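Novice: with the input below, show me the fold.
(one chain, ligands or ions: 2)
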Amino acid sequence: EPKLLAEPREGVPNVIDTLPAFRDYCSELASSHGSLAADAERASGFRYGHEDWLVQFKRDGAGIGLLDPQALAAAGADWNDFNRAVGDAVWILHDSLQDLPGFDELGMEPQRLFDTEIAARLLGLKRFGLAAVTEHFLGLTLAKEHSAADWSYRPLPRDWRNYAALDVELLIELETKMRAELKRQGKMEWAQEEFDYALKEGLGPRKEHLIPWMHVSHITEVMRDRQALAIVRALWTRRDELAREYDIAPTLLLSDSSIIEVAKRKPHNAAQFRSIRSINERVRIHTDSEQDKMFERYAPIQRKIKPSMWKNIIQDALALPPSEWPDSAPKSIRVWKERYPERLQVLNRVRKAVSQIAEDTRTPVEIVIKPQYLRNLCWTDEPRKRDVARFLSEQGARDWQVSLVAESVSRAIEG
Ligand code: NA
Ligand code: NA
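Specialist: Residues are numbered from 1 along each chain as shown. Ligands and ions are numbered 1, 2, ... in the order given. What follows is the structure:
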């Protein structure tokens, strides 16, 4: 019988956006005990990247702090005061890989971690979002209503502040119940190793894929044509510069459809450019929601970038010498099956061995060990010459994963 928690017990907090209010909250954090419940909000889909537009904390006695990073930077707040106030306290985060890069970028230094998402997965929780996890362990429902908000909106509305507060409101109580359960399932040291690793990986700049410009939707329709790819490259790059400069989501400045369209058509002049309508008109987000007015706020920034700016870029791309145009295991089992059936036979023996361990320990198979590490291991015509335990370790698997898995995997490979 879950109960809806509509507001925090202490009420909806005011935003901390002045230097005195920051120094006050830091003092209260210094005066408090136990773990630090943490979270962050970002204006994804609206602003450029993954800059935090809100930062949320709770500590027993200090209560909930909703901290405005941009206002506090302008007020000249020192985030090192925060670190000194908190010390080596445990940070509780749900999916810590999301918020640790942003915390690191503000200059915060979490020294210990409890990841409630990581813990839920190890425990075998099949739906592991915050709301599903707190209902499972605390019998309390959070109505997650303002998840896709533009967190750059000032002043922050009371409902949004309430959402942001509710996201740190139950994390210390979550940790307590989930530690007790991990210990009883005998997974507490597995948990700890996964926290250690997440803090190592997350606290630092976030992962960007190998070649960013290649991630334009429908790019495959243009991959045979290297001059089109030079156009896609050039357009993506300039769009990325201007999106960062003007602090706006890149696809609000120029759609992927427009990029692919002009890469196909290759307009050589101004009249040829004007015939392509999409690149001459402002991007319009239509979702038939209250969100439409929220995107429409960015129209004056969108209008600041003119069609002519893309026209110049297409010219540059088309003036490139042809010799300057651009061109571990496959994740797709189809590729394995079609091209390397003998390697796949070995992999399938490995996969069923890892699945068996998943069952016997009641841990999701992808959590037991990262599926890609097993694929990389079997991506060879000499699988019996693998030092399984060492290879898996060098891949980035944790000691507990190697100790649980490697011998049985070695046996499966041998047959
Ligand atoms: Na988050
Ligand atoms: Na959140």
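Novice: grab the nearest non-local neighbour of residue 13.
Specialist: Using C-beta to C-beta, 6 or more residues apart in numbering and skipping the chain neighbours, the partner closest in space to residue 13 is residue 64 (4.6 Å). (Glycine included, C-beta is placed from N, CA and C.)
Novice: hang on, residue 185 packs against residue 123?
Specialist: Yes - Residue 185 is in contact with residue 123 according to C-beta atoms under 8 Å; the separation is 6.4 Å.
Novice: these two: which has the busier surroundings?
Specialist: residue 123 (22 against 16; other C-beta atoms under 10 Å).
Novice: would you map the helices across the stretch 1-150 of the chain?
Specialist: Applying DSSP state H, counting those that start in this stretch to the stretch 1-150 of the chain gives helices spanning 19-30, 69-74, 79-86, 96-106, 116-122, 130-138.
Novice: select, out of these, the one closest to ligand 2.
Specialist: With C-beta to the ion as the measure, helix 130-138 is the member of these nearest ligand 2 (7.2 Å).
Novice: how about the closest one: buried residues?
Specialist: In terms of neighbour count (16 or more other C-beta atoms under 10 Å), helix 130-138 has its buried residues at 130-131, 133-138.
Novice: restrict these to those near ligand 2?
Specialist: Of the residues in the buried residues of helix 130-138, proximity to ligand 2 by C-beta under 5 Å from the ion holds for none.
Novice: need the residues you listed in TSV with distance to residue 306, can you?
Specialist: TSV is the format used below for the buried residues of helix 130-138 (distance: C-beta to C-beta, whole Å):
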residue	distance to residue 306
130	42
131	44
133	48
134	48
135	50
136	52
137	54
138	53
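Novice: get me the contact residues on this protein for ligand 2.
Specialist: When proximity is defined as C-beta under 5 Å from the ion, the chain approaches ligand 2 at 39, 167.
Novice: which residue sits farthest out from the middle of the chain?
Specialist: What lies farthest from the middle of the chain is residue 271; by C-alpha atoms, centre = their mean that is 42.0 Å.
Novice: circling back to that earlier point, which of the helices of the stretch 1-150 of the chain sits most buried?
Specialist: Comparing the helices of the stretch 1-150 of the chain by mean neighbour count (mean count of other C-beta atoms under 10 Å), helix 116-122 comes out on top with a mean of 23.
Novice: re the thing from before, between the buried residues of helix 130-138, which is nearest residue 311?
Specialist: Checking the buried residues of helix 130-138 against residue 311 by C-beta to C-beta gives residue 130 as the nearest, at 45.9 Å.
Novice: please name the nearest non-neighbouring residue to that closest one.
Specialist: Residue 130's closest residue in space is residue 94 (C-beta to C-beta, 6+ apart), at 4.9 Å.
Novice: so who does the one you found touch?
Specialist: Residue 94 makes contact with 39, 115-117, 130, 133, 171, according to C-beta atoms under 8 Å, 6 or more residues apart in numbering.
Novice: try 6 Å
Specialist: Applying C-beta atoms under 6 Å, 6 or more residues apart in numbering to residue 94 gives the contacts 116-117, 130.
Novice: quick one, phi psi at it?
Specialist: Per-residue torsions, residue 94: phi -100, psi 110 (degrees, to the nearest 10).
Novice: the chain should start at 15 in everything you say after this.
Specialist: With the count now opening at 15, the last piece we talked about shows up as residue 108.
Novice: if I look at the spatially closest residue to residue 37 that is not a sequence neighbour, how far off is residue 38?
Specialist: Of all residues not flanking residue 37 in the chain, residue 95 sits nearest, at 6.9 Å (C-beta to C-beta, 6+ apart). Noted for residue 95: a distance of 11 Å to residue 38, by C-beta to C-beta, to the nearest Å.
Novice: could you find the closest non-adjacent residue to the residue in the stretch 115-264 of the chain that ligand 2 sits nearest to?
Specialist: In the stretch 115-264 of the chain, the residue that lies nearest ligand 2 is residue 181 (4.3 Å; C-beta to the ion). Nearest residue to residue 181 in three dimensions, chain neighbours excluded: residue 53, at 4.7 Å (C-beta to C-beta, 6+ apart).
Novice: correct me, but the one you found touches residue 68?
Specialist: No - the criterion here is C-beta atoms under 6 Å, and residue 53 misses it with residue 68 at 8.6 Å.
Novice: quick revisit: my guess is the residue nearest to residue 37 contacts residue 39. True?
Specialist: No - here residue 95 does not reach residue 39: they are 9.7 Å apart, not a contact under C-beta under 6 Å.
Novice: dump the residue contacts of the residue nearest to residue 27.
Specialist: 27, 72, 179.
Novice: list the beta-bridge partners for it.
Specialist: Counting by DSSP bridges, residue 78 forms beta bridges with residue 72.
Novice: so how far is ligand 2 from it?
Specialist: From residue 78 over to ligand 2 the distance is 13 Å, taken as C-beta to the ion, to the nearest Å.
Novice: ok, now how distant is residue 389 from residue 325?
Specialist: Distance, residue 389 to residue 325, by C-beta to C-beta: 45 Å.
Novice: wait, I meant residue 34
Specialist: Looking at residue 34 against residue 325, where the rule is C-beta to C-beta, the gap reads 51 Å.
Novice: equivalent analysis for residue 61, please.
Specialist: Following C-beta to C-beta, the distance that separates residue 61 from residue 325 is 26 Å.
Novice: what does residue 304 give?
Specialist: Residue 304 sits 35 Å away from residue 325, taking C-beta to C-beta as the criterion.
Novice: more neighbours, those two?
Specialist: Counted by other C-beta under 10 Å, residue 304 and residue 325 do not tie: residue 325 has more neighbours, with 18 against 7.
Novice: which secondary structure element is home to the more buried one?
Specialist: helix 321-332 (DSSP states H and E).
Novice: so which residues of the stretch 115-264 of the chain form strands?
Specialist: 126-129, 154-155 (DSSP state E, counting those that start in this stretch).
Novice: most neighbours per residue, which of these?
Specialist: Highest mean neighbour count among the strands of the stretch 115-264 of the chain (mean count of other C-beta under 10 Å): strand 126-129, a mean of 23.
Novice: show me what that one is packed up against.
Specialist: Where contact means 3 or more C-beta pairs under 6 Å, 6 or more residues apart in numbering; DSSP states H and E, strand 126-129 is packed against strand 104-107, helix 202-216.
Novice: quick one: contacts of it?
Specialist: With C-beta under 6 Å, 6+ apart, strand 126-129 has contacts from 104-107, 110, 189, 209, 212-213.
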